[PDB]
Ligand SMILES: OC[C@H]1O[C@H](Oc2c[nH]c3ccc(Br)c(Cl)c23)[C@@H](O)[C@@H](O)[C@@H]1O
Ligand SMILES: OC[C@H]1O[C@H](Oc2c[nH]c3ccc(Br)c(Cl)c23)[C@@H](O)[C@@H](O)[C@@H]1O
Ligand SMILES: OC[C@H]1O[C@H](Oc2c[nH]c3ccc(Br)c(Cl)c23)[C@@H](O)[C@@H](O)[C@@H]1O
Ligand SMILES: OC[C@H]1O[C@H](Oc2c[nH]c3ccc(Br)c(Cl)c23)[C@@H](O)[C@@H](O)[C@@H]1O
Ligand SMILES: [Ca+2]
Ligand SMILES: [Ca+2]
Ligand SMILES: [Ca+2]
Ligand SMILES: [Ca+2]
Ligand SMILES: [Mn+2]
Ligand SMILES: [Mn+2]
Ligand SMILES: [Mn+2]
Ligand SMILES: [Mn+2]
């Protein structure tokens with residue numbers, strides 16, 4: 001199976017698979033059953049921002065999800081990620097809908113990785129920043145239902161021509177280049193990511209959520225990973 | 001055919017195809033026959049540095065190639081590159097040997113592209129930096145004879161197990177992700193690249209050289225592009 | 001006297017001191033009488049963006065000033081700036097009003113300088129980015145009338161409590177740290193700057209303009225530099 | 001008194017003021033008596049690298065100090081630094097000698113601060129990088145005995161003309177511009193620093209150490225802060 005580390009913006013509480021009974025953000029290490037979660041009062045119809053960070057010295061993966069003037073939700077988990085993940089990875093965004101639905105719209109996305117040693121210059125770095133998305137994003141690997149729209153937004157899950165969200169959808173976008181996140185000789189490795197998003201929904205209980213994730217380079221949407229599994233996992237183990 | 005823009009570090013004068021009669025650096029726009037050149041006193045056995053820059057406002061592609069304490073060679077050419085190149089490209093390094101030979105060793109390579117509009121943050125950016133190369137560089141597309149060695153260096157052309165250079169070799173390394181260098185709505189696009197290199201040779205007249213190049217995303221080594229054509233062009237037109 | 005290099009966004013044509021007879025952008029090298037200008041259809045009441053760039057290899061100082069959907073104005077000048085300027089400088093924004101007036105409001109400002117040699121890491125770099133300004137910007141040297149307002153904007157010239165611009169005003173903001181733009185041993189030096197601005201005015205012919213400028217570290221507003229001299233020069237020589 | 005947060009590379013065990021009985025690295029929050037320490041096998045005569053990082057979400061200040069091929073020493077401490085420090089600070093390096101001595105030579109130093117909100121672009125950033133130091137470093141505030149030498153190195157403490165270290169010395173270097181590390185409206189603030197150093201000594205027990213520190217902007221060497229107090233504190237409380 002794939003090897004997954006993710007930060008989930010989980011709009012829909014699936015208490016039968018261990019979610020808290022409220023919308024939440026979470027840190028997922030090789031399981032949909034988050035190792036740490038925080039209560040997230042998600043604001044449908046408003047643009048949110050997520051900031052995710054990690055470095056191999058502190059060994060604390062953290063995320064903050066904010067809406068301007070309203071809320072800042074934070075979650076952290078202590079984990080040696082370079083122990084969990086392979087040395088080379090791809091990074092990506094995923095989203096799903098299931099029986100219930102929402103737009104999973106990404107307006108911008110940036111990422112930086114550094115692999116350092118014995119200099120003020122990091123032996124290796126990758127950075128990308130998208131403040132919008134082109135009609136043919138040749139530097140993204142689009143998986144499942146993911147597409148870019150005429151506004152320059154990345155629609156992870158299916159929307160109709162009027163922008164209405166559809167159920168039973170799954171989509172992912174990976175950055176095209178593999179990222180070298182560890183080498184046995186590294187002194188420190190770090191990564192940071194930010195994205196902005198817009199979740200709209202006509203449903204009283206929108207679903208299912210958005211993730212930022214890191215995986216083996218050849219990662220693909222698992223069979224049966226729809227809805228509550230966020231396009232990341234084949235099961236709820 | 002491919003669409004090529006390159007900066008050539010041309011060690012071997014092929015006067016029959018328009019080279020000056022001395023080792024030189026040059027700006028190549030869709031032809032091996034450089035649009036501008038400068039005399040390059042290349043120092044075999046010494047580590048050199050090349051810095052290349054362009055922005056769409058100034059429209060001047062420039063390169064400087066230096067060896068510490070000895071020489072700084074500069075070449076520039078006025079050209080609207082975003083007119084010449086497609087909107088999406090891959091960036092790369094090439095090298096060849098022919099009847100004569102040299103190591104074409106890359107010790108480090110960095111690149112930054114920016115596509116800007118109406119903000120102090122560039123609507124799009126890609127950056128990578130390699131201060132060494134891994135044994136399996138999953139973020140490089142290696143073409144022809146190019147490989148990485150046990151010292152962490154990128155050997156563009158064939159070297160034996162003792163490091164001796166071989167003739168009749170061609171190799172290229174592309175960064176894995178396509179780069180978005182223009183959009184019709186862009187206010188300014190720019191790129192910068194630096195690499196360090198080591199050319200060693202037992203030959204009295206080493207050959208053939210190293211380039212940094214930008215091309216259509218699906219670029220491949222053309223048939224008949226060995227030696228004097230630097231792995232870039234099918235002919236000397 | 002100070003040593004000044006500037007990019008001027010000159011809203012008011014002072015034809016008696018060599019301005020073209022229309023609002024214009026210009027490159028100023030030690031004189032208010034621009035070495036190169038371009039016609040600028042300035043859009044009062046709209047947020048503009050200016051992007052300025054230079055590197056010591058190309059030796060071409062360029063600027064582009066844009067308003068989204070309307071206009072992109074470009075000006076360039078070939079000059080060896082590291083010949084004109086001292087090795088250490090301060091960088092800044094200036095603005096004036098005179099008999100006629102306008103707001104000279106800066107919404108954001110970023111700057112990067114690099115001094116490079118023989119590595120993919122630039123022997124020296126300074127970068128700052130302000131996407132807003134604090135009520136006490138301790139990393140700015142405010143000169144003359146310059147202040148920050150309750151919206152987080154930098155008002156270079158005097159505005160009343162309702163935001164109405166005042167005549168006979170001059171103001172500048174320098175970044176606090178000196179910038180090392182040249183060393184005799186440098187292989188390449190470069191700088192880039194971006195700012196966004198908002199010029200509003202009740203006057204039929206607004207004045208006087210905004211500049212980005214580079215100067216000796218101890219630069220100060222010259223006596224008699226108001227209005228048409230943009231807070232930069234003691235006279236119109 | 002000043003408000004100090006520091007990472008200490010403490011070469012000399014002062015057990016009478018709470019040091020461990022071995023050379024160590026440590027996290028100092030408003031006291032020389034470190035909140036967390038780690039055993040540091042310091043290699044006199046070898047170039048070391050220190051990497052320091054923090055972000056306001058994780059709230060974990062970490063440092064790693066390494067010598068290539070030999071050792072990597074790590075220390076971390078959970079602390080809300082934006083609670084401890086004022087909103088505006090200066091950042092710096094300090095060093096001392098006392099009865100015993102060592103060179104406190106800085107070969108390079110870089111720093112990045114970010115203050116973020118609701119965008120993939122950080123509402124505020126400052127970065128500097130010095131891969132060497134000029135004879136008149138106009139962007140450093142040199143305090144006490146600190147000077148730059150003819151090799152381009154920053155000698156924090158006094159060395160004779162042959163490079164021999166002197167006792168009873170204290171010196172600091174601050175970056176010239178204040179740094180904005182917090183604002184009440186910030187979603188996340190972070191900083192990172194790296195420096196490389198060379199400690200040489202003829203003494204069997206070299207002293208006293210080097211720090212990277214963050215302080216109120218108007219920070220100065222306290223009276224009585226020599227030797228074991230690392231030029232940071234007026235006493236050992
Ligand atoms: O999109 C929201 C959720 O819809 C489905 O789960 C249900 C949510 N409410 C229900 C009510 C009845 C039944 Br049967 C089901 Cl499967 C569900 C499933 O698709 C879940 O995976 C998903 O998390
Ligand atoms: O590697 C150096 C050069 O070697 C070959 O050209 C010759 C250089 N000296 C010669 C001498 C004789 C003959 Br025949 C040839 Cl082809 C050459 C050809 O392979 C050239 O493309 C290449 O630039
Ligand atoms: O602010 C616009 C301009 O106003 C003044 O110049 C005049 C513009 N129109 C005029 C009409 C009459 C007289 Br007298 C003067 Cl000085 C001016 C002077 O302050 C100029 O320096 C400035 O560029
Ligand atoms: O430089 C090393 C140390 O030297 C001095 O402390 C002593 C170290 N060994 C000693 C032996 C005797 C006496 Br008295 C003293 Cl003060 C010391 C003092 O200067 C200390 O602050 C410093 O840490
Ligand atoms: Ca869920
Ligand atoms: Ca040739
Ligand atoms: Ca004018
Ligand atoms: Ca001590
Ligand atoms: Mn969940
Ligand atoms: Mn040639
Ligand atoms: Mn003018
Ligand atoms: Mn200690």
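Recorded method for this deposit: X-ray crystallography, 1.6 Å.
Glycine is no exception: its Cβ is also placed from the backbone N, Cα and C atoms.
Annotated features in Swiss-Prot:
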- C:8, C:10, C:19, C:24, C:34: Mn(2+) binding site (BINDING)
- C:10, C:12, C:14, C:19, C:208: Ca(2+) binding site (BINDING)
- C:12, C:99, C:100, C:228: carbohydrate binding site (BINDING)
What three-state class does DSSP give residue C:14 (Ca(2+) binding site)?
coil
Counting other Cβ atoms within 10 Å, pick out the least crowded of the binding-site residues C:12, C:100.
C:100
Which residues of the same chain, at least 6 positions away in sequence, have a Cβ lying under 8 Å from the Cβ of residue C:228 (carbohydrate binding site)?
C:12, C:14, C:17, C:19, C:32, C:96, C:98, C:207, C:208, C:236
Does any of C:12, C:19, C:24, C:34, C:99, C:228 have a Cβ within less than 6 Å of an atom of ligand 3? These are the binding-site residues; tell me which, or none.
C:12, C:99, C:228
C:34, C:208 as binding-site residues, winner by CB count within 10 A:
C:208
List, in sequence order, the same-chain residues at least six positions removed whose CB sits under 8 Å from that of residue C:10 (Mn(2+) binding site)?
C:19, C:23, C:24, C:25, C:26, C:34, C:37, C:40, C:208, C:209, C:230
Let me check the 10 A CB neighbour count of residue C:99 (carbohydrate binding site). How many other CB atoms are there?
13
Against chain D, with Cβ pairs under 8 Å, which of the binding-site residues C:10, C:12, C:99 show up? Give them in sequence order, please.
none
Could you list the residues of the same chain, at least six apart in sequence, whose Cβ is under 8 A from the Cβ of residue C:8 (Mn(2+) binding site)?
C:25, C:26, C:27, C:28, C:34, C:209, C:210, C:211, C:230
For carbohydrate, what surrounds C:12, C:99, C:100, C:228 with a Cβ no more than 8 Å from their Cβ centroid?
C:14, C:97, C:98, C:205, C:207, C:208, C:227
Near residue C:14 (Ca(2+) binding site), how many other Cβ atoms are within 10 Å of its Cβ?
18
Applying the rule Cβ within 8 Å of the centroid of the Cβ atoms of C:10, C:12, C:14, C:19, C:208, what extra residues of the same chain belong around the Ca(2+) site?
C:11, C:13, C:23, C:207, C:209, C:228, C:230
Other CB atoms, at most 10 A from the CB of residue C:24 (Mn(2+) binding site):
24
Show, in sequence order, which residues other than C:8, C:10, C:19, C:24, C:34 on the same chain lie with their Cβ within 8 Å of the centre of the Cβ atoms of the Mn(2+) site.
C:13, C:20, C:25, C:26, C:28, C:37, C:209
